[PDB]
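Overview (structure and organization)
What follows is each chain in one-letter form.
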Amino acid sequence: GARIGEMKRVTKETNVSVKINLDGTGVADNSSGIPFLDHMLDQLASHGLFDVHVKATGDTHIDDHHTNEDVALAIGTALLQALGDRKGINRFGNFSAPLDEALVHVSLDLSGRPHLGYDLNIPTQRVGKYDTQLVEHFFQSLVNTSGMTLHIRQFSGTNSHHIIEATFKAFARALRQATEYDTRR
Amino acid sequence: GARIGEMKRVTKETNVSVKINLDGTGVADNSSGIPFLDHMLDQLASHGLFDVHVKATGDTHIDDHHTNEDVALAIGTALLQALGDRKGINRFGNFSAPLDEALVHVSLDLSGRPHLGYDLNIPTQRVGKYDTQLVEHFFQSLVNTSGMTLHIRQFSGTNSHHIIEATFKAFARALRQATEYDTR
Amino acid sequence: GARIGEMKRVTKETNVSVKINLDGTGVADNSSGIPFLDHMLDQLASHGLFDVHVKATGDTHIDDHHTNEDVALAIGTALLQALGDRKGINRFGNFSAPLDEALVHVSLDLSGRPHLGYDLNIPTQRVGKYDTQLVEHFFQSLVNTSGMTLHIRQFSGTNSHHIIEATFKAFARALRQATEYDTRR
Amino acid sequence: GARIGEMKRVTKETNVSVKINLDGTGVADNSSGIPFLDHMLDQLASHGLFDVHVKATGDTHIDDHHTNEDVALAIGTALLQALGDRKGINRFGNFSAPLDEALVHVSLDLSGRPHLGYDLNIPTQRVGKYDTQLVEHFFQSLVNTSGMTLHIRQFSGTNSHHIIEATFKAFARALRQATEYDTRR
Amino acid sequence: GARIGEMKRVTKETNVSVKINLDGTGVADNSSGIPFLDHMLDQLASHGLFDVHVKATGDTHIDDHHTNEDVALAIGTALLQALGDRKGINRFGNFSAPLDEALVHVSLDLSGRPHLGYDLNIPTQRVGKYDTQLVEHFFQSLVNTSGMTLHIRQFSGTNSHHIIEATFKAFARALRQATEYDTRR
Amino acid sequence: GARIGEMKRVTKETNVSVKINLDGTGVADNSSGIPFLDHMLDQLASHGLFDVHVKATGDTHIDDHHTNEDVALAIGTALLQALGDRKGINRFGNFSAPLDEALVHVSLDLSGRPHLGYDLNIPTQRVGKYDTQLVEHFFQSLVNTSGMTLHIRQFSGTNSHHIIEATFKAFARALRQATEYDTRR
Ligand SMILES: [Cl-]
Ligand SMILES: [Cl-]
Ligand SMILES: [Cl-]
Ligand SMILES: [Mn+2]
Ligand SMILES: [Mn+2]
Ligand SMILES: [Mn+2]
Ligand SMILES: [Mn+2]
Ligand SMILES: [Mn+2]
Ligand SMILES: [Mn+2]
Ligand SMILES: [Mn+2]
Ligand SMILES: [Mn+2]
Ligand SMILES: [Mn+2]
Ligand SMILES: [Mn+2]
Ligand SMILES: [Mn+2]
Ligand SMILES: [Mn+2]
Ligand code: NA
Ligand code: NA
Ligand code: NA
Ligand code: NA
Ligand code: NA
């Protein structure tokens, strides 16, 4: 009875395959073509207890933008498919994740209405090879296809890797809460 | 043994009857004479899983103030009665409720000491016919008779209906948490 | 064959029926339960040459918010359905509409990615009975279900009725341009 | 049949004759007694494809003000006459005209309601013998008798001749668009 | 007969071949040695309906500057050759292109007088491997050999890839408009 | 020999009938569909000694804007008709009207050139049901069809009803002066 969503989409720019189990055990199998994004998608599994499979190739010789965007769009669609009729779930999720000096709060509602409120202050332009502009775009695209209300608020942080990873930990744990069943419903 | 509180009070200005079940299933029956307040009281039921019955008539030809106040006072008293000795409950409740661009956090303690910390920025004076000054007065009056410590904090929001509705969603879910029993 | 999109949705709050003909002749048939919004929807027909049929009733005894939102959502869905595969259309639309002292520019792309950039300065809270906060929410909701990129920018204006009506005229003409066929392709 | 408007008016100060063909081929025939204004009126023909005939003499021994004003008034009246019932025309016109470093946007509506929004920053007081205060007065007077809604906005420019000429190019192209027939209606 | 311009130039730094068809069907054939610039040149084809063939190699072991510059110079020369006597063309082009949150307006005139007005605010120094200083230099060099008046103005935008891509979409559509024939003349 | 002007105009939005006697005795018969506007039009009669008849119905279910505008336009046309050749009249009018704490000066010229200079500071958005944005629009529209130069300047005032009523008293008395005959002419 596990809630599994899957999305495959091939364009001239990217080839994306995503599978997510909302009732998973934290199995991570992420090969997006973007190593830092893979590290962040691993946090979805380890902290959200989702099973997350992502396989993507794309025009990373231009930059990571199209791959990042199309992976995020596909995850949002897979999430929407896995949620089904959304009956009985908590629907709302909240979590404040510290990572050393970083502290990020995520508040979300599986509402069917896309909205991103985004207030991160990432002080460097690259983490490894990853363009830090792509963090906002990842969550914006995921919101757009999942129909999620998502608020990301940075309360502390100076290390870009810490800020982004804390965001994914908080998102993962908030999304876990929202997708879990409300025992009184 | 569901925890049910009830308050009826008739004054020269208003006639108010309130019944709340802390262990409800979200049954909403709200007819306060103020349609937007009814919509907000419905959030108490649907998001707090309270059973909420409010029936009020009043001098709404003056304005909604006396009705709004007397309904809020009665709800706080009904909540206090329903809580009884408060043994074994979580007592504290916390929730951040987004509603599109709005985000409101509610933190409360069923402490017996009334206090309202209120920091909403509602940018318009009317939602429908509802005077938005009445939002603060609703929570102040409810706090005063329930003896609740209540903190309402707006983190984002531009639409007045969204801000107020997010506040009631967060309040409902925080109050649900506070009234539920601590398993340990 | 004319491109027609139609959507009916009944909720506990609203009862909404929408039909739009992208290849219309300007037939205006708008009865949303919100008279000023009807006047604005008429601009879609008169200036966009769309055939626009909207019939809605709702919980306007609370306020106009739910009706306004559900009408906007339904129009966006009807627009999306009417566009079909979007093959051969201009896709982009641009128009600056004056209305006396008001001047509003609209730029849009039928992109499949929802985004609203909104920069109006409406100086009063009510036009008739219409809550002027509902203008932004109308376009946000329409954007969300149509998948449109939409930018609304006020360059001039002091009368709220003029500002909002100029916005709908500019939107109507930009959308007409975007939905029309590109004769070269 | 071409839409032609013609107006002659003789006062104690000026003697003005104007004929404009909205469906012209760009015939420029401008002898206002103000050489720089003639150069600007030529842009109406060359860029708007109007046929523009202006012949004026006046009390230019005082200054160019009365001639400038009476020419502008007459052009607006001729334009109004030529438009007739305005059935089937685009009615709105928009154009951004660059001239080297200058860039001026014109937005107009053949509305029947006079309004001038004017935001040029002309940095010198004379172009040749032409008093640059007369630019605003020209468009104000033309607006007043034509019943036009007209917005002129400078986005760039440092040379007064360039700024004014770009304004007339943009006006010419916007007016051409507004007076042309809408092929769909 | 299609208007085709072609230019080959070999220097000690670069080897550049360009062919452009002003009356094309959107054939994109761009291999400049700079992958992000290739992606931008593709917009010329996809949104301008030009046929754009660019093949360049160069001293990219130093940086992309010489290749970027020499490609831009060659495109401007090819455009100039293809335009011929410019008889009968619209000559002016205008377009506002959104790309999600980005919005860029381009206004241009095929005037024979080079000028670049450039007002982009690109917030990162690299898109992929592409140095974002090269955007201004690309358009400056293209302007210089084509003899174009070109104004680029950013109205919105936070993602560098979006801002630059919106600029090339707007440029492509403005240039398409300017090079197309004026049906009335 | 009384100077009487009359205007009837029926549109899809409004049905307006106006009759004004410049040589009246202050007979007021105003039913515009806007009660506060009726009160203001009564001031024209009582303070200007005009006979003022206005009968209007319109789409006041939207708001009062279209009715307000069309009544003002019709009054301006009726005024222009009543003035005839304007021979022998004072032409200029000036009056400062106090109303308790409010003080408003009106200066006008029956010039044939429309202009409104408007400097009121009305501190509330509604007087009764009347939208105070409509005051400026009333005088602007009246100016546009009458061809009047009109300057309205607030020197004092805090009560919106007082400010607007003082404006109409001052306008009425200034217009009375301007329409009266100059005994030396
Ligand atoms: Cl606003
Ligand atoms: Cl100036
Ligand atoms: Cl920059
Ligand atoms: Mn993108
Ligand atoms: Mn790490
Ligand atoms: Mn009170
Ligand atoms: Mn609601
Ligand atoms: Mn809403
Ligand atoms: Mn209107
Ligand atoms: Mn003058
Ligand atoms: Mn010149
Ligand atoms: Mn260089
Ligand atoms: Mn791209
Ligand atoms: Mn108006
Ligand atoms: Mn009074
Ligand atoms: Na943000
Ligand atoms: Na209607
Ligand atoms: Na000449
Ligand atoms: Na390529
Ligand atoms: Na003013």
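Residues numbered from 1 in each chain as written, not as in the entry; some residues may be left out. Chains lettered and ligands numbered in written order. Part of a larger assembly, values for the part shown. Heavy atoms only, no water.

Header annotation of the entry names X-ray crystallography as the structure determination method and lists the resolution as 1.55 Å.

**Some words on the overall build of chain A**
Defined as follows: Only DSSP runs of H or I covering at least 4 residues are called helices, and only runs of E covering at least 2 are called strands; the numbering of each starts at the N terminus. The reference for a compact globule is 2.2 Å times residues^0.38; the radius of gyration itself is calculated from the C-alpha atoms. The rule is simple: take the accessible area with a 1.4 Å probe, protein chains only, and divide by the maximum for that residue type; under 20% is buried, over 50% is exposed, in between is partly exposed. Contact between two residues is taken to exist if any of their heavy atoms lie within 4.5 Å; hydrogens are not considered. Areas reported as accessible are Shrake-Rupley estimates using a 1.4 Å probe. Residue values count occlusion only from the protein chains shown. Neither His nor the chain ends contribute to the count of charged residues, in which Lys and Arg are positive and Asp and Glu negative. To locate a charge, take NZ of a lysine, CZ of an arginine, CG of an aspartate or CD of a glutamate.
In terms of regular secondary structure, chain A is built from four helices and ten strands. From first element to last, N terminus to C terminus, chain A shows the α and β order β-β-β-α-β-α-β-β-β-β-β-α-β-α. Radius of gyration (C-alpha) of chain A: 15 Å, near the 16 Å computed for a compact globule of 185 residues. Counting only C-alpha atoms, chain A reaches 45 × 40 × 30 Å along its principal axes. Per-residue burial for chain A yields a buried fraction of 59% across its 185 residues. Within chain A, contacts between residues separated by at least 24 positions form 75% of all contacts whose residues are at least 6 apart in sequence. Surface summary for chain A: the accessible area is close to 7,200 Å², and the carbon and sulfur share equals 49%. Within chain A, one finds 18 positive and 22 negative side-chain charges whose respective centroids are separated by 7 Å.

**Here we look at the relation of the copies chain D and chain E**
For clarity, the cut-off: Copies of the molecule are overlaid using a least-squares fit to their C-alpha atoms.
Structural alignment of chain D on chain E gives an RMSD of 0.0 Å, achieved by rotating through 120° and translating 0.0 Å along the axis. This pairing of chains is accounted for by a three-fold axis. Mapped onto chain E, only 5% of the interface residues of chain D again fall at the interface, so the copies present different surfaces.

**Some points on the pattern of salt bridges**
Counted only if it meets this: When a carboxyl oxygen of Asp or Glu is within 4 Å of a side-chain nitrogen of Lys or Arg, the pair counts as a salt bridge.
Inspection of every chain in the model, using the stated rule, returns 60 salt bridges over all chains. Residue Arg185 of chain A pairs with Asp182 of chain A through a salt bridge whose shortest N-O separation is 3.0 Å. Classification of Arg185 of chain A as partly exposed rests on a relative accessible area of 45%. Residue class for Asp182 of chain A comes out buried when judged on its relative accessible area of 6%. Between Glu165 of chain C and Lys169 of chain C there is a salt bridge, and its shortest N-O distance comes to 3.6 Å. Of the two residues, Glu165 of chain C and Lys169 of chain C are both situated in helix 4 (residues 160–179); the distance of four residues between them amounts to about one turn of the helix. Accessibility assignment for this pair places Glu165 of chain C and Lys169 of chain C in one class, buried. In this structure, a network of salt bridges that share partners links the residues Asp182, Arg184 and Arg185 of chain A together with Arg176 and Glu180 of chain B.

**What about the interface of chain B and chain A?**
Filter applied, for reference: Defined in terms of a 1.4 Å probe, buried area is the accessible area two parts forfeit on being brought together, summed over both.
Every contact between the two is made by 21 residues of chain B and, on the other side, 17 residues of chain A. Each partner contributes to the roughly 1,500 Å² buried at the junction of chain B and chain A, and carbon and sulfur atoms together form 48% of this total. The largest per-residue losses of area from chain B upon contact with chain A belong to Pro98, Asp100 and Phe155 of chain B, which jointly make up 33% of the total buried on that side. Taken together, the connections running from chain B to chain A amount to three salt bridges.

**Section: the side chain of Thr14 of chain C**
If you trace the backbone, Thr14 of chain C turns up in strand 2 (residues 14–21). When near neighbours in sequence (up to four residues on either side) are disregarded, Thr14 of chain C contacts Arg9, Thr57, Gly58, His66, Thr67 and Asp70 of chain C.

**Things to note about the environment of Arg185 of chain F**
All names here are of chain F. Residue position: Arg185 is located in the segment after helix 4 (160–179). The exposure class of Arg185 is exposed, given its relative accessible area of 74%. Residues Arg185 and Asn90 lie 95 residues apart in sequence; the distance between their C-alpha atoms is 8.7 Å.

**Observations concerning the sheet that holds strand 3 (residues 28–31) of chain B**
Residues and elements named next belong to chain B. Threshold: Strand pairing requires that DSSP identify at least two bridges connecting the strands. Comment: axis = line fitted to C-alpha atoms, over the contacting stretch for helices; angle = value between 0 and 180 degrees taken between N-to-C directions.
Reading across from one edge, 1-2-4-3 is the order of the four strands in this open sheet, with mixed pairing throughout. Bordering the open sheet on either side are strand 1 (4–10) and strand 3, each of which pairs with just one other strand. Strand-to-strand, the axes of this sheet are offset by a mean angle of 5°, without reference to chain direction. Direction of pairing for strand 3 relative to strand 4 (residues 51–58): parallel, over a ladder of four bridges.

**A word on the arrangement of the chains**
When C-alpha atoms are compared, chain A and chain F, though not in contact, are closest at a spacing of 30 Å. In this structure chain B stays clear of chain F, and the shortest span between their C-alpha atoms is 12 Å.

**Remarks on a nonpolar patch on the surface**
Note the threshold: Patch members must show over 30% relative accessible area and no salt bridge, and they are joined within 9 Å when carrying like charges or within 5 Å when they are nonpolar side chains of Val, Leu, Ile, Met, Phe, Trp or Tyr.
Together, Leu103 and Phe155 of chain A together with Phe155 of chain B line one region of the surface with nonpolar side chains, adding up to about 260 Å² of accessible area. Turning to its location among the elements, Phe155 of chain A is positioned in strand 10 (residues 149–156).

**Thoughts on the packing of aromatic side chains**
What counts is decided by this rule: When two rings of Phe, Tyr or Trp (its six-membered ring) have centres within 6.5 Å they constitute a pair, described as stacked for plane angles under 30 degrees, edge-to-face for angles over 60, and tilted for the intermediate range.
Within the structure shown, the criterion is met by 38 aromatic pairs over all chains. Between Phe139 of chain B and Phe168 of chain B, the aromatic rings sit 4.9 Å apart at their centres with planes inclined by 45°, giving tilted as the arrangement. Of the two residues, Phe139 of chain B sits in helix 3 (residues 133–146) while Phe168 of chain B sits in helix 4 (residues 160–179), which places them 29 residues apart along the sequence. The same class applies to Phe139 of chain B and to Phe168 of chain B, which are both buried. Of the aromatic side chains, those joined through ring pairs into one cluster are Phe138, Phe139, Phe168 and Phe171 of chain A.

**Quick notes on the environment of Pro35 of chain C**
You can see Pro35 of chain C is positioned in helix 1 (residues 35–48). Setting aside residues up to four positions removed in sequence, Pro35 of chain C forms contacts with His61 and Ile62 of chain F.

**So, helix 3 (residues 133–146) of chain C**
Definition in use: Expected helix span is computed as 1.5 Å times (number of residues minus one).
If you check helix 3 of chain C, its first and last C-alpha atoms are 21 Å apart, about what 14 residues at 1.5 Å a residue would give, namely 20 Å. Among the 14 residues that make up helix 3 of chain C, ten are buried, leaving the element largely enclosed by the rest of the structure.

**A closer look at the environment of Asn90 of chain E**
Tracing the chain through its elements places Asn90 of chain E in the loop between helix 2 (65–83) and strand 5 (92–99). With relative accessibility at 18%, the residue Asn90 of chain E sits in the buried group. Setting aside chain neighbours within four positions, we find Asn90 of chain E in contact with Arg173 of chain D together with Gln177, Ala178, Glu180, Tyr181 and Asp182 of chain E.

**Examining helix 4 (residues 160–179) of chain E**
Residue and element names in this part refer to chain E. This is how the line gets drawn: Counting of polar contacts relies on pairs of N or O atoms within 3.5 Å, with two restrictions inside protein: one atom must be capable of donating a hydrogen and the other of accepting it, and residues adjacent in sequence are counted only when both atoms are side-chain atoms.
Relative to the 28 Å expected for 20 residues at 1.5 Å per residue, helix 4 spans 28 Å between its end C-alpha atoms, a close match to the ideal helical length. Counting buried positions along helix 4 gives 19 out of 20 residues, so the element sits mostly inside the fold. With a side-chain oxygen positioned 3.0 Å from the backbone nitrogen of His161, the residue opening helix 4 is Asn159.

**Brief notes about unusual backbone geometry**
One non-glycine residue, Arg91 of chain A, lies in positive phi territory at about 75°. Judged by its relative accessible area of 25%, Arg91 of chain A falls in the partly exposed class. Although it is not a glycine, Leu49 of chain C sits at a positive phi angle of roughly 60°. Tracing the chain through its elements places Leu49 of chain C in the loop between helix 1 and strand 4 (51–58).

**A closer look at the coordination of the manganese ion (ligand 10)**
All names here are of chain D. Test applied: For Na, K and Ca the donor cut-off is 3.2 Å; for every other metal, N, O and S atoms count as donors within 2.8 Å. Water does not enter the count, which can leave sites looking incomplete.
The protein atoms that coordinate the manganese ion (ligand 10) are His65 (NE2), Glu69 (OE) and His137 (NE2), at distances of 2.2 to 2.3 Å. Each donor residue of the manganese ion (ligand 10) belongs to the same chain, and together they define the spacing H-x3-E-x67-H. Of the two residues, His65 and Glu69 both sit in helix 2 (residues 65–83), four residues apart, roughly one turn of that helix.

**Let's talk about a positive patch on the surface**
Judged by side-chain charge, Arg126 and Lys129 of chain A together with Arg126 and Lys129 of chain E come together as a positively charged surface patch. Counting through the fold element by element, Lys129 of chain A comes out in the loop between strand 8 (126–127) and strand 9 (130–131).

**Observations regarding the sheet that holds strand 10 (residues 149–156) of chain D**
Residues and elements named next belong to chain D. Taken in spatial order, the four strands of this open sheet run 5-6-10-7, and their pairing is mixed. Strand pairing shows two members of the sheet lacking a second neighbour, strand 5 (92–99) and strand 7 (115–119), which therefore form its edges. When the angles between neighbouring strand axes are averaged without regard to direction, this sheet yields 10°. Of the strand pairs in this sheet, strand 6 (residues 102–109) and strand 10 are connected by seven bridges, and their pairing is antiparallel. In the sheet register, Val104 faces strand 10, and the bridge partner there is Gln154.

**Quick notes on the packing of helix 1 (residues 35–48) of chain F against helix 4 of chain F**
All names here are of chain F. For clarity, the cut-off: When the near helix sits turned anticlockwise from the far one by under a right angle, the crossing is termed left-handed; a clockwise turn instead gives a right-handed crossing. Under the grouping applied here, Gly and all other residues not named as nonpolar or charged are polar, the nonpolar ones being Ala, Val, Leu, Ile, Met, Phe, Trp, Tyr, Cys and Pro and the charged ones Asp, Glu, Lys and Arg.
Across the interface, helix 1 lies against helix 4 with an axial gap of 8 Å and an inter-helix angle of 35°. Regarding helix 1 and helix 4, the two cross each other, and that crossing is right-handed. Here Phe36, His39, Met40, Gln43, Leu44, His47 and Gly48 of helix 1 lie close against helix 4, whose contacting residues are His161, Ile164, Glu165, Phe168, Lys169, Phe171, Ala172, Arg173 and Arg176. Residue composition of the contact of helix 1 with helix 4, by class: seven nonpolar, five polar and four charged.

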